[PDB]
Structures are given as structure tokens and as C-alpha cells.
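Accompanying notes for the structure given below.
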Amino acid sequence: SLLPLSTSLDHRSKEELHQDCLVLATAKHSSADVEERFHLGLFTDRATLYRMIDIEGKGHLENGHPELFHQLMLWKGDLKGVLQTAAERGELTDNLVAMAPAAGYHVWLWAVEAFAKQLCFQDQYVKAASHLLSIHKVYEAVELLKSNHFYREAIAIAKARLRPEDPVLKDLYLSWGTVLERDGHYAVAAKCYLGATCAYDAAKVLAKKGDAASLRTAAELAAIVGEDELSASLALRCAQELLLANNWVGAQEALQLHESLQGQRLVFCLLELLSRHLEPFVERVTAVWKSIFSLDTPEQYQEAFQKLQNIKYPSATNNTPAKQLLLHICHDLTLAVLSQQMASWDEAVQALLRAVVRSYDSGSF
Amino acid sequence: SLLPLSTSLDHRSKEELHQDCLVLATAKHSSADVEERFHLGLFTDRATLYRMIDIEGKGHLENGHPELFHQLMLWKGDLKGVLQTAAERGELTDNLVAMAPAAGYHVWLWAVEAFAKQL
């Protein structure tokens, strides 16, 4: 058990025990004979059981039980010495630090501070951070935790200690988000940026994913945080990225989140009509605009055109997939069918010529 | 690890994370929607991550890890309460008594005296 050597050399032959008793009688009544048998320190005097305990401690190596090794000094009473020598060999543990304040408060503080290091090299940074929290080392309990690549617990501790207006918590959010940027987890990065009371970059990091659903969610987030033009740009960008597989009406309703993409809405209507034509038109277009989009009056029919003539697309060279080529052609056709009525036909014929030239240029027959 | 529930309901589908981000944006800018998802307490405010930690603690029974259960209150800061309730259920341990003198000397004395009985 705790003293295997004593119980081993205490159940010997009866003659051995008789000799031990004789030696004890000789030593008690008065002494190099008692030195050979250390266990008589249990009965002889105080100066001998100390040596017996020391022998037991140095014998407590082969069984790998440093807890009893360090507890024996508590019986001897040298708590300070065993605490000091335990950290040097990397043997300080929770058991030893339990009686750390027995010798004094400063002794306990030294014990926990030293145990923090060993827990650091023993992949126990959470326990170390808790121990630094014990002496109310609030600021230090988070820097090592985040440096050890543990941001969730660090932020939890910082919020538990520090008030929300503290400057040493937003840095945790920004650092965790920046780390997550390269990891490809843009949603949680946007969450971290949102929690850092700076949502301007949250929409951008959410949009950085590139998926149409991610683009739309970034648009909605930017609308929520008050970035109206940013949300409008995000919706416009998700519009084309939604049209690839089979989605036409989904992008039609996605363009509705802000009241600045009505021209894009009626252009994507032409996209749908031209795509269906691949399975008159100039009047069916405006009829569908009147019916579905509920825009039937010359009044706004001009101001819905002036916002569509202000944007220009690239030259649309030969090397490009036909999708955005058709999108640009249909946008120009929409501009033509707009300008054909409220003004002279010069703009209509010019826009029709522009559309036909764009279609011809990119080798598209 | 220490918070299996958070890392479980934090690696969900991308649409779920987008909805969580939308709810966080709605709650930050001003709220019964944030109550359903407790992990937003990590980002929302102080009054919510306390409830998240409490939920984690009450979920720390099925895995049989009372050490983390009692360490979570150290993060929350109620060392006295966790020390007092640990002895009643027979869960006071060497780890808990390590930070016993953090709240005070008499607290440590009570902690060791109570741990003596359980031992």
C-alpha cells in the first residue's frame, strides 16, 4: 500500500522479528545497530522514522507513485520544500496544490502559478487558464488561451470577466474571424464580425463564399445591418449567379428585396422570355410587365428607363460563355423596348443595333 | 471536448449557419428568437452566454464529467456556489479545492474540512 517496504520487511521469519525486538530493547535503554533496520524508527525515536520515511520516499520511484512521495513530506512537515522541489522535476499536481495554502497564501499563489506552466506543456491550457482565473489574473487567462489556439473559451472567459465595452474582447473576435478566413468557414467568420459590433465586413465575408445562397444571405444580412446599397449590390450579384442551373423566378423574387433593382427585374423577365423562346414579342413583353410586375403607366415608364441607361457592360468579346452574353443582349433589348415609346425611335433603333452588334461580335449565330 | 454541444450545433449545414448569422444581426441591432439558439450568447451579450454555459453544465451529466461541470462556474465566477453545492452531492474533489482559497481563506478551510468527510 502506502509503505510496501515496511509491510514487506515486517512479516519476516519469527526469529527476525525477535531480533528486531531485541535490537529495539537495546536501543531504547541507553547505537549503530538500529541504523541497519530503519523501520524501528516507528518505535525508537523521532530522528529515525524521518530516515525511514526518506528511505520509503526514495523507494517510491520504482512503482511510479510520486503522489505518496510528495505526501510523505507532509507527514514530515516540510511542505515548503516538497512544493518547491515538485515544480523543478515537473511533478507538481492538483493534489499537492490542494495543501498549498497550508504553509501560506503566497505559497499557494506560487504553487498555482508554477502548476500553470506544467499544465501549459501538458496540453492543459484550459485548466491553466482557469487557474490564472483563480488568482483573478483575468487578462492573462485569455492571452495564453488564444495563443494556444482556443478562441471560444477565451471569448467566453473575457465576456464573463470584462464588461462589454472592454477593448480586449473585440480583438479576440477579429483575430478568430481572421483565422477563420483562411479556413473557408465564412459563415462563422461573419458571426464573429457581427459580434465584434462591426458588421460592415460581415456581409463581405459572407459574400466571399461565392454560392448563390451565400450571396443572398449576405444581401439580407447587409440589409439588416443598414447597408442598403451594399445589400442592393449583393442582390444584383446573386441574381446572375442564381440563373445557372434552373432558377429564374427565385432570382426574380430575390431581386425584390430592395427597391432599386426594378430595371434588373424587368431585364431578367426578358431573360426568362428569351430562354423560353428557345423551346408579338415586343407587345407580349410589356403585357407581362403590366401583369406580373404591376407597372402600367407612362409616368414611371421613363424613370424606370433612365436608371437602366446609366449602366454600361464590357465589350463582350468572343471568349465568354453564352449566359452573360445573352443577359447583356436581353438588357439592351429591354432598353430598346423601353425607349421605343415615350421618346423618339432613335434611341430604340440605336439600342437594337447595339444588341445585335453585341450578339454578332461574340461569334454567336 | 469541453463544449461538445457547441461544436456539435456549430458545424451544421451552411443554411443553418446563415440563419444563425441573420438572427445574431437581428438581435444585436435593436428578442425571443435568440432564446432558441443559446450558442449566440457567445456573441450576443453577457446575459445569454451565462444561460448557454448553464445548458452545457446540465448537459455535462450524460458524459460523466463533473470536473468540467464545476469548472464552468469558475468561468461564470460563482466559485462559492459551486463549492457549496459540490459537497452536498458528494462531488467535491482535489481539483475544486485547488481554487478553494481563491474566494477566501475560510472558504478553503470549509472546502478541505468537507472534502475530509467524502474521503
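Residue numbering restarts at 1 in every chain; chains get A, B, ... in the order shown in the C-alpha cells, and ligands count up from 1 in that same order.
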Specify as a ChimeraX atom specification all residues of chain A found within 9 Å of chain B, counting only C-alpha atoms.
-> /A:94-101,105,108,112,126-127,130-131,133-136,152-153,155-157,159-161,163-164,173,187-188,190-192,194-197,199,206,213-214,217-218,220-221,224-225
Report as a compact mmCIF listing (two decimals) with N, CA, C and O atoms, in the first residue's frame all protein, DNA and RNA residues lying within 12 Å of stretch 317-332 of chain A, evaluated on only C-alpha atoms, omitting residues in the same chain fewer than 4 positions from it.
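Final file, result.txt:
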```
# COMPACT_ATOMS: atom_id res chain seq x y z
N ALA A 239 -28.25 37.64 -58.33
CA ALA A 239 -29.21 37.44 -59.41
C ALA A 239 -28.63 36.56 -60.52
O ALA A 239 -29.17 35.48 -60.81
N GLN A 240 -27.53 36.99 -61.14
CA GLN A 240 -26.96 36.22 -62.24
C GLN A 240 -26.46 34.86 -61.77
O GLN A 240 -26.63 33.85 -62.46
N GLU A 241 -25.84 34.82 -60.59
CA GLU A 241 -25.35 33.56 -60.05
C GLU A 241 -26.47 32.58 -59.71
O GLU A 241 -26.19 31.40 -59.48
N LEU A 242 -27.71 33.04 -59.66
CA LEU A 242 -28.83 32.14 -59.42
C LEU A 242 -29.39 31.52 -60.71
O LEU A 242 -30.04 30.48 -60.64
N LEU A 243 -29.13 32.13 -61.86
CA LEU A 243 -29.76 31.72 -63.11
C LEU A 243 -29.16 30.47 -63.74
O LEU A 243 -29.74 29.95 -64.70
N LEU A 244 -28.02 29.97 -63.25
CA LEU A 244 -27.32 28.91 -63.96
C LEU A 244 -28.13 27.63 -64.09
O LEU A 244 -28.53 27.26 -65.21
N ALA A 245 -28.39 26.93 -62.98
CA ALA A 245 -28.97 25.59 -63.09
C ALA A 245 -30.38 25.59 -63.68
O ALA A 245 -30.57 25.15 -64.82
N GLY A 263 -35.38 47.71 -62.66
CA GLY A 263 -34.86 47.54 -64.01
C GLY A 263 -34.23 46.18 -64.21
O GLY A 263 -34.43 45.53 -65.23
N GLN A 264 -33.47 45.72 -63.21
CA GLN A 264 -32.92 44.37 -63.28
C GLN A 264 -34.02 43.33 -63.27
O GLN A 264 -33.91 42.29 -63.93
N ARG A 265 -35.11 43.58 -62.53
CA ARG A 265 -36.23 42.65 -62.52
C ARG A 265 -36.83 42.51 -63.91
O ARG A 265 -37.03 41.39 -64.41
N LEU A 266 -37.13 43.63 -64.57
CA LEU A 266 -37.73 43.55 -65.90
C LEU A 266 -36.73 43.12 -66.96
O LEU A 266 -37.15 42.68 -68.04
N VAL A 267 -35.43 43.23 -66.70
CA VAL A 267 -34.43 42.68 -67.61
C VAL A 267 -34.38 41.16 -67.48
O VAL A 267 -34.30 40.43 -68.48
N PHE A 268 -34.40 40.65 -66.25
CA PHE A 268 -34.44 39.21 -66.05
C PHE A 268 -35.76 38.61 -66.52
O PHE A 268 -35.79 37.42 -66.88
N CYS A 269 -36.83 39.39 -66.54
CA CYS A 269 -38.05 38.95 -67.20
C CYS A 269 -37.80 38.66 -68.67
O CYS A 269 -38.25 37.64 -69.21
N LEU A 270 -37.07 39.56 -69.34
CA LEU A 270 -36.68 39.31 -70.73
C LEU A 270 -35.75 38.12 -70.85
O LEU A 270 -35.82 37.38 -71.84
N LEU A 271 -34.86 37.93 -69.88
CA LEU A 271 -34.05 36.72 -69.83
C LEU A 271 -34.93 35.48 -69.88
O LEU A 271 -34.70 34.57 -70.69
N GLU A 272 -35.94 35.43 -69.01
CA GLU A 272 -36.83 34.28 -68.96
C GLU A 272 -37.59 34.11 -70.27
O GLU A 272 -37.74 32.99 -70.77
N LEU A 273 -38.09 35.21 -70.84
CA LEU A 273 -38.84 35.13 -72.09
C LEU A 273 -37.97 34.61 -73.23
O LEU A 273 -38.40 33.74 -74.00
N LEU A 274 -36.75 35.12 -73.35
CA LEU A 274 -35.86 34.67 -74.41
C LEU A 274 -35.44 33.22 -74.21
O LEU A 274 -35.32 32.47 -75.18
N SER A 275 -35.21 32.81 -72.96
CA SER A 275 -34.90 31.41 -72.70
C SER A 275 -36.07 30.50 -73.06
O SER A 275 -35.87 29.42 -73.63
N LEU A 278 -36.41 29.58 -76.68
CA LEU A 278 -35.52 28.55 -77.19
C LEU A 278 -36.13 27.16 -77.15
O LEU A 278 -35.48 26.20 -77.59
N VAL A 285 -43.97 41.41 -74.18
CA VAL A 285 -43.04 41.83 -73.14
C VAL A 285 -43.69 42.86 -72.23
O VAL A 285 -43.71 42.71 -71.00
N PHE A 305 -36.54 53.77 -67.06
CA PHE A 305 -35.61 53.61 -68.17
C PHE A 305 -34.33 54.39 -67.93
O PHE A 305 -33.24 53.92 -68.26
N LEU A 308 -31.74 52.57 -66.17
CA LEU A 308 -31.16 51.45 -66.90
C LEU A 308 -30.17 51.87 -67.98
O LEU A 308 -29.34 51.07 -68.39
N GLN A 309 -30.26 53.12 -68.44
CA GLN A 309 -29.32 53.63 -69.43
C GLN A 309 -28.03 54.14 -68.82
O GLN A 309 -27.06 54.39 -69.55
N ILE A 311 -25.98 52.51 -66.81
CA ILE A 311 -25.01 51.45 -66.60
C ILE A 311 -24.54 50.93 -67.95
O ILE A 311 -25.30 50.95 -68.93
N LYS A 312 -23.28 50.51 -68.01
CA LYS A 312 -22.66 50.02 -69.24
C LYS A 312 -21.95 48.71 -68.95
O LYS A 312 -21.33 48.55 -67.89
N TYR A 313 -22.04 47.78 -69.89
CA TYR A 313 -21.41 46.48 -69.76
C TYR A 313 -20.11 46.43 -70.56
O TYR A 313 -19.89 47.27 -71.45
N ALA A 336 -34.16 48.97 -75.50
CA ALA A 336 -34.78 49.36 -76.76
C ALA A 336 -36.30 49.40 -76.64
O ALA A 336 -36.94 50.37 -77.06
N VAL A 337 -36.90 48.34 -76.08
CA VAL A 337 -38.36 48.28 -75.99
C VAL A 337 -38.87 49.30 -74.97
O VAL A 337 -40.05 49.68 -75.01
N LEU A 338 -38.02 49.75 -74.05
CA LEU A 338 -38.37 50.88 -73.21
C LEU A 338 -38.39 52.17 -74.02
O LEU A 338 -39.43 52.82 -74.15
N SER A 339 -37.25 52.52 -74.62
CA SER A 339 -37.11 53.81 -75.30
C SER A 339 -37.96 53.93 -76.55
O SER A 339 -38.07 55.03 -77.09
N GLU A 347 -33.44 56.33 -80.13
CA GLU A 347 -32.85 55.54 -79.06
C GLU A 347 -33.21 54.06 -79.18
O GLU A 347 -32.35 53.21 -78.91
N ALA A 348 -34.44 53.74 -79.59
CA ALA A 348 -34.83 52.35 -79.75
C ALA A 348 -34.01 51.65 -80.82
O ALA A 348 -33.50 50.54 -80.60
N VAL A 349 -33.86 52.28 -81.98
CA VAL A 349 -33.10 51.66 -83.06
C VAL A 349 -31.62 51.59 -82.69
O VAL A 349 -30.93 50.61 -83.03
N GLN A 350 -31.10 52.59 -81.98
CA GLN A 350 -29.71 52.54 -81.53
C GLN A 350 -29.49 51.38 -80.57
O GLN A 350 -28.49 50.67 -80.67
N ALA A 351 -30.41 51.18 -79.62
CA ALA A 351 -30.26 50.09 -78.67
C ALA A 351 -30.42 48.73 -79.35
O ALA A 351 -29.72 47.77 -79.01
N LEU A 352 -31.33 48.64 -80.32
CA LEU A 352 -31.47 47.39 -81.08
C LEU A 352 -30.20 47.08 -81.86
O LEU A 352 -29.75 45.93 -81.90
N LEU A 353 -29.61 48.10 -82.49
CA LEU A 353 -28.36 47.91 -83.21
C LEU A 353 -27.24 47.50 -82.26
O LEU A 353 -26.42 46.64 -82.59
N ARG A 354 -27.19 48.11 -81.07
CA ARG A 354 -26.19 47.73 -80.09
C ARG A 354 -26.34 46.28 -79.67
O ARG A 354 -25.36 45.54 -79.57
N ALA A 355 -27.58 45.84 -79.44
CA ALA A 355 -27.82 44.46 -79.04
C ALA A 355 -27.43 43.49 -80.15
O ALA A 355 -26.79 42.46 -79.89
N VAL A 356 -27.81 43.80 -81.39
CA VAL A 356 -27.49 42.90 -82.49
C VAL A 356 -25.99 42.86 -82.74
O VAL A 356 -25.43 41.80 -83.07
N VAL A 357 -25.30 43.99 -82.55
CA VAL A 357 -23.85 44.02 -82.72
C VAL A 357 -23.17 43.21 -81.63
O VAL A 357 -22.20 42.49 -81.89
N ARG A 358 -23.65 43.32 -80.39
CA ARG A 358 -23.09 42.51 -79.32
C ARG A 358 -23.31 41.03 -79.58
O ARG A 358 -22.42 40.20 -79.30
N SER A 359 -24.48 40.66 -80.09
CA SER A 359 -24.74 39.26 -80.42
C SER A 359 -23.83 38.77 -81.54
O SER A 359 -23.33 37.64 -81.50
N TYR A 360 -23.60 39.61 -82.55
CA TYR A 360 -22.79 39.21 -83.70
C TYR A 360 -21.31 39.11 -83.33
O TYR A 360 -20.60 38.23 -83.83
N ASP A 361 -20.83 40.02 -82.48
CA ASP A 361 -19.40 40.12 -82.22
C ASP A 361 -18.85 38.85 -81.57
O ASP A 361 -17.78 38.36 -81.95
N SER A 362 -19.57 38.30 -80.60
CA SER A 362 -19.07 37.13 -79.87
C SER A 362 -19.42 35.83 -80.57
O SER A 362 -19.93 34.89 -79.96
N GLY A 363 -19.14 35.76 -81.87
CA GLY A 363 -19.30 34.56 -82.68
C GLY A 363 -20.60 33.80 -82.47
O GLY A 363 -20.65 32.59 -82.70
N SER A 364 -21.65 34.50 -82.06
CA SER A 364 -22.91 33.88 -81.68
C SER A 364 -23.92 34.05 -82.81
O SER A 364 -24.44 35.15 -83.02
N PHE A 365 -24.18 32.97 -83.53
CA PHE A 365 -25.23 32.94 -84.54
C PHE A 365 -26.47 32.26 -83.96
O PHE A 365 -26.43 31.67 -82.87
```
Which residues in chain B does DSSP call alpha helix (DSSP H)? List them as an MDAnalysis selection string.
-> chainID B and resid 4:8 14:28 33:36 46:59 66:76 79:88 94:98 100:103 105:118
Interatomic distance (Å, one decimal) between atom CA of residue A:286 and atom CA of residue A:334 =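 Rounded to one decimal, the two atoms are 9.8 Å apart.
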Figure out the distance between atom CA of residue A:57 and atom CA of residue A:69, please, to one decimal in Å.
->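 Result for atom CA of residue A:69 versus atom CA of residue A:57: 5.1 Å, one decimal.
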Distance query residue A:255 at most 8 Å, only C-alpha atoms, self and fewer than 3 positions along chain excluded, as a list in words =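 Near residue A:255, the qualifying residues are residues 235, 236, 239, 251, 252, 258, 261, 262, 264 and 265 of chain A.
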